[PDB]
*Asks:* 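Sharing a structure with you now.
Numbers restart at 1 for each chain; the letters A, B, ... are given by sequence-line order, proteins then strands. All heavy atoms count here, side chains included; hydrogens, waters and symmetry mates do not.
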Amino acid sequence: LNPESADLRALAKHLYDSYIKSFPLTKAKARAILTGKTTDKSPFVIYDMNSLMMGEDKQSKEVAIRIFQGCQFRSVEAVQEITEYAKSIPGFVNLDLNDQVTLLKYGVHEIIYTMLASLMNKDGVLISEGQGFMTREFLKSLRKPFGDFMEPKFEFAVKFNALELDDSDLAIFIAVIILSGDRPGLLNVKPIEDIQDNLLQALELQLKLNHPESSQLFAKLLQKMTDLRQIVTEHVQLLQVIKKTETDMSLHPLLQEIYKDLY
Amino acid sequence: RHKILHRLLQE
Ligand SMILES: COc1ccc(Oc2cc(N(C)CCOc3ccc(C[C@@H]4SC(=O)NC4=O)cc3)ncn2)cc1
C-alpha cells in the first residue's frame with residue numbers, strides 16, 4: 001500500500017462506516033437470517049393471503065394493494081436512508097443543490113433495487129427488517145397488473161448475488177451509482193465526475209483487496225449498473241399502467257416527486 | 001419541485 005492507495009482505503013472505510021450508520025439491516029445481517037446461521041427467531045413466512053393476515057399480528061384494502069403499498073412505504077424509508085448516506089460522500093454536499101437533488105432523484109431506485117437483492121434469494125425476500133420472509137411464488141400469484149412486478153427484481157438479484165459482494169464492497173458501489181455524471185438535467189457535470197472517478201478507483205482497489213480470487217469483478221459489477229436502469233424504466237411503465245387501471249391507488253408524495261418527469 | 005428532497009437534503 002502506497003500513498004494514493006492509502007487515500008483510496010480511507011475513502012472506502014469512511015463510506016463503509018456511513019453505510020452501517022445509515023442502513024439498519026446490512027447484507028451480513030440479512031444473510032445470517034436467510035441461511036439460518038442466526039441466533040434470532042427465523043422469520044415469519046408469508047406464502048398466501050391467510051399467512052399474510054396471520055403475519056399482520058407480528059385499512060382493509062385488497063391484498064395486492066396492501067402489498068404494493070407496503071413496497072412504497074419501504075422505498076419512502078429507503079429514500080431517507082440513502083439521502084443521509086449521500087450526504088456523507090465526500091464532496092456531495094458541496095455540489096450545486098439542484099444537482100444533489102437530480103442525483104438523488106435518479107439514483108435512489110437504482111440503489112433500492114441493488115440493496116433489495118441483499119434481502120433476496122431465489123425463493124423470496126425479507127421484509128420488515130428481517131422479521132418476515134415473503135415468498136416469490138406468492139408475489140407472482142398476485143392479480144394483474146401486480147402479478148409480475150417483483151419478477152424482474154428477483155431475476156436481477158440472483159445474477160447480482162452470484163457476485164458475492166459484501167457490505168464494504170456495496171457501500172462504495174452505491175456511492176458510484178449516486179455520482180453518475182450522465183443523469184438528465186445536471187447543471188455542472190465536472191465536479192460530479194471528479195468525485196465519481198475517485199469512488200471508482202476506490203471501488204476497484206476494494207474489489208482487488210477483498211476479492212483477490214475473483215478476477216474482473218470490477219468490470220462485471222459495472223455492467224450491472226446498466227441492468228439497474230432497465231429495472232427502473234420498466235418499473236416506471238408498470239406504474240403508468242397501474243395508475244390508469246387502479247384509481248383506488250394513491251402514490252406517496254415523496255414517490256410522486258421522484259417519479260415526476262423520471263423517464 | 002422536489003420539495004421533500006430539498007428538505008431532506010437541507011435538513
Ligand atoms: C402488513 O402485512 C404486510 C403488508 C404488505 C406486505 O408487502 C410488503 C412487501 C415487501 N416486499 C416485497 C419487499 C420490498 O419490495 C419492494 C419492491 C419495490 C419497491 C419499489 C417501490 S414500489 C413502487 O411502485 N415504487 C417503489 O419505490 C420497494 C420495495 N416489503 C414490505 N411489505 C407485507 C406484509
*Asks:* Can you list every pair that meets side-chain hydrogen bond (donor to acceptor under 3.5 Å, both in side chains) and has a residue in residues 2-11 of chain B, with sequence neighbours left out?
*Replies:* A:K105-B:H2
*Asks:* Would you confirm whether A:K13, through its side chain, and A:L8, through its main-chain N or O, come within 3.5 Å as a donor-acceptor pair?
*Replies:* no
*Asks:* Same cluster or not: are A:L97 and A:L95 linked, directly or through other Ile, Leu, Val, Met, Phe, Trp or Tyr residues, by side-chain heavy atoms under 4.5 angstrom apart?
*Replies:* yes
*Asks:* Spell out, as yes or no, whether a donor-acceptor pair under 3.5 Å connects the side chain of A:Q72 to the backbone of A:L251.
*Replies:* no
*Asks:* For the CG atom of A:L104 and the CD1 atom of A:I258, what is their distance to the nearest 0.5 Å?
*Replies:* 8.5 Å
*Asks:* So, taking the atom named CD1 in A:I177 and the one named CG in A:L103, what distance separates them when rounded to the nearest 0.5 Å?
*Replies:* 12.5 Å
*Asks:* Is there a donor-acceptor contact under 3.5 Å from the side chain of A:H14 to the main chain of A:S88?
*Replies:* yes
*Asks:* Mind checking the CG-CD spacing from A:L221 to A:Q206? Nearest 0.5 Å is all I need.
*Replies:* 11.0 Å
*Asks:* Set out, in order, the CA-CA distance, both residues' side-chain angles and the distance that settles side chain to side chain contact (heavy atoms under 4.5 Å, CB included) for A:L228 and A:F160, then state yes or no.
*Replies:* CA-CA 10 Å; A:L228 286 163; A:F160 189 88; 5.7 Å; no
*Asks:* For atom CE of A:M249, is the number of surrounding heavy atoms from other residues, nucleotides or ligands below 6.0 Å larger than 12?
*Replies:* yes
*Asks:* Indicate yes or no for a side-chain donor-acceptor contact from A:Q100 to the backbone of A:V93 under 3.5 Å, with no hydrogens or angles considered.
*Replies:* yes
*Asks:* According to a hydrophobic-cluster definition based on side-chain heavy atoms being under 4.5 Å apart (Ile, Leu, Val, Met, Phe, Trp, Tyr only), do A:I82 and A:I20 belong together?
*Replies:* yes
*Asks:* Check whether any side-chain N or O of A:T83 sits under 3.5 Å from a backbone N or O of A:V79 as a donor-acceptor pair, and report yes or no.
*Replies:* yes
*Asks:* Does a side-chain heavy-atom distance below 4.5 Å link A:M115 with A:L170?
*Replies:* no
*Asks:* Hey, any chance A:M53 and A:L142 share a hydrophobic cluster, counting ILVMFWY side chains that come within less than 4.5 Å of each other, even indirectly?
*Replies:* no
*Asks:* Set out, in order, the CA-CA distance, both residues' side-chain angles and the distance that settles side chain to side chain contact (heavy atoms under 4.5 Å, CB included) for A:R9 and A:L205, then state yes or no.
*Replies:* CA-CA 8 Å; A:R9 294 318 286 156; A:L205 177 53; 3.7 Å; yes
*Asks:* Spell out, as yes or no, whether a donor-acceptor pair under 3.5 Å connects the side chain of A:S214 to the backbone of A:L217.
*Replies:* no
*Asks:* Which atoms form the tightest heavy-atom contact between A:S180 and A:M225, and what is the distance?
*Replies:* OG-CE, 4.4 Å
*Asks:* State, yes or no, whether a side-chain contact exists between A:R136 and A:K122 at a heavy-atom distance under 4.5 Å.
*Replies:* yes
*Asks:* Does a donor on one side chain sit under 3.5 Å from an acceptor on the other, for A:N161 and A:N121?
*Replies:* no
*Asks:* Which heavy-atom pair separates A:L203 from A:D169 by the least distance, and what is that distance?
*Replies:* CD1-O, 4.0 Å
*Asks:* Test side chain to side chain contact (heavy atoms under 4.5 Å, CB included) on A:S250 and A:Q69 and set out the steps.
*Replies:* CA-CA 9 Å; A:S250 54; A:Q69 266 156 20; 4.3 Å; yes
*Asks:* Test A:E110 against A:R229 for salt bridge (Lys or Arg N to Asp or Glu O under 4.0 Å), laying out the working first.
*Replies:* CA-CA 7 Å; A:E110 294 174 3; A:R229 308 224 182 162; 3.4 Å; yes
*Asks:* Would the number of heavy atoms belonging to other residues, nucleotides or ligands and lying under 6.0 Å from NZ of A:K87 be above 12?
*Replies:* yes
*Asks:* Any carboxylate oxygen within less than 4.0 angstrom of a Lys/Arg side-chain nitrogen, looking at A:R143 and A:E62?
*Replies:* yes
*Asks:* By ring pair (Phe, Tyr, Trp, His ring centres under 6.0 Å), which residues pair with A:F73, not counting sequence neighbours?
*Replies:* none
*Asks:* Taking C-beta and beyond as the side chain, do A:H235 and A:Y259 meet within less than 4.5 Å on heavy atoms?
*Replies:* yes
*Asks:* What's the spacing between A:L179 CG and A:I195 CD1 if we round to 0.5 Å?
*Replies:* 5.0 Å
*Asks:* Should the heavy atoms of other residues, nucleotides or ligands under 6.0 Å from CD of A:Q216 be counted, would the total exceed 12?
*Replies:* no
*Asks:* If you group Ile, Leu, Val, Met, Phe, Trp and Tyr by side-chain heavy-atom gaps below 4.5 Å, do A:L52 and A:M54 land in one group?
*Replies:* yes
*Asks:* Considering all heavy atoms of both residues, which atom of A:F44 and which atom of A:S51 are nearest to each other, and what is their separation?
*Replies:* CE2-O, 3.2 Å
*Asks:* If you count the non-hydrogen atoms of other residues, nucleotides and ligands that lie under 6.0 Å from NZ in A:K260, is the total more than 12?
*Replies:* no
*Asks:* Determine whether A:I33 and A:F133 satisfy the following criterion, side chain to side chain contact (heavy atoms under 4.5 Å, CB included), listing intermediate values before the conclusion.
*Replies:* CA-CA 10 Å; A:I33 293 171; A:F133 182 79; over 6 Å; no
*Asks:* May I ask you to decide if the ring planes of A:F23 and A:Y85 are parallel, tilted or perpendicular, using 30° and 60° as cut-offs?
*Replies:* tilted
*Asks:* Any idea which heavy atoms bring A:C71 and A:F149 closest together, and the distance?
*Replies:* SG-CZ, 3.8 Å
*Asks:* Check whether any side-chain heavy atom of A:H211 sits under 4.5 Å from a side-chain heavy atom of A:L163, and report yes or no.
*Replies:* no
*Asks:* May I ask you to decide whether A:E129 forms a salt bridge with A:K29, counting only side-chain N to carboxylate O separations under 4.0 Å?
*Replies:* no
*Asks:* Looking at A:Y113, I'd like to know if the NZ or CZ of A:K153 sits under 6.0 Å from its six-membered ring centre while staying within 45 degrees of the ring's axis.
*Replies:* yes
*Asks:* Taking the side chain as everything from C-beta on, heavy atoms only, tell me whether A:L15 gets closer than 4.5 Å to A:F173.
*Replies:* no
*Asks:* How close do A:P145 and A:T245 get, counting heavy atoms only, and between which atoms?
*Replies:* CG-OG1, 3.8 Å
*Asks:* Taking the side chain as every heavy atom from C-beta outward, state whether A:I65 and A:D248 have any atom pair closer than 4.5 Å.
*Replies:* yes
*Asks:* Quick one: CG on A:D48 to CD on A:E137, what's the gap to the nearest 0.5 Å?
*Replies:* 12.5 Å
*Asks:* Checking side-chain polar atoms at under 3.5 Å, does A:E84 have a donor or acceptor matched by the opposite partner on A:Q80?
*Replies:* no
*Asks:* Assess, by modelled atom type and distance only, whether the side chains of A:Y19 and A:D167 contain a donor and an acceptor separated by less than 3.5 Å.
*Replies:* yes
*Asks:* Cluster question for you: counting only ILVMFWY and a side-chain heavy-atom cut-off of under 4.5 Å, with indirect links fine, are A:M150 and A:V241 together?
*Replies:* no
*Asks:* Would you call A:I178 and A:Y106 a side-chain contact if the rule is heavy atoms closer than 4.5 Å?
*Replies:* no
*Asks:* Would you please test A:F138 and A:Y47 for ring-ring contact (aromatic ring centres under 6.0 Å, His included) and show each step?
*Replies:* CA-CA 5 Å; A:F138 177 48; A:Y47 63 96; 7.9 Å; no
*Asks:* Report yes if the side chains of A:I127 and A:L119 come closer than 4.5 Å at any heavy-atom pair, otherwise no.
*Replies:* no
*Asks:* Minimum heavy-atom separation for A:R183 to A:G107, with atom names?
*Replies:* NH2-CA, 3.7 Å
*Asks:* Once you round to the nearest 0.5 Å, how far does CG of A:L139 lie from CZ of A:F154?
*Replies:* 5.5 Å
*Asks:* Would you say CD of A:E56 has more than 12 non-hydrogen atoms from neighbouring residues, nucleotides or ligands within 6.0 angstrom?
*Replies:* yes
*Asks:* Considering only residues two or more places apart or on different chains, which pairs with a residue in residues 187-202 of chain A satisfy side-chain hydrogen bond (donor to acceptor under 3.5 Å, both in side chains)?
*Replies:* A:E4-A:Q201
